[PDB]
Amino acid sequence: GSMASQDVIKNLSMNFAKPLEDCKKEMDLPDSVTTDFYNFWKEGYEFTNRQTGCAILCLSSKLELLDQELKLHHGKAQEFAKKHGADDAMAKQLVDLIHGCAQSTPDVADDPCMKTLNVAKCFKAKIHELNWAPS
């Protein structure tokens, strides 16, 4: 049921966010990133600023999920989902959601942080639409 899928997204989310303290101390990120992460799955929550996108990129890099251009490595992202309990179909669906969001969010501003935050907002909305967002 939707609760089982939510549990996969919870496991993914918690493991993804584990190194946030390390990222904050390495990059001098504002404490607003920690607030945005606490509220990441809260329905109707809007993110604070582009530094939350920088935090998402730092967490992605620590988990070796980014390519050299700071874009998601689709294969590594799929495998990350499977290691946290996604079946191959669910993992492929999650990567397709991120890919669709990235195609809707070209990096016109040469700002990987703001582009990443916009992709994350789009991904969050798609996950709520599927009732896959954990409380």
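The first residue of the sequence shown is number 1, and the count goes up from there.
Stretches 93 to 101 and 43 to 51 differ in mean C-alpha B factor, with the higher average recorded for 43 to 51. Comparing the deposited coordinates for 113 to 121 and 17 to 25, the stretch with the larger average C-alpha B-factor is 17 to 25. Per the deposited coordinates, the residue with the largest Cα temperature factor out of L70, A77, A86, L59 is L70. Among the modelled residues of the chain, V33 sits in the middle third by CA temperature factor in this PDB entry.
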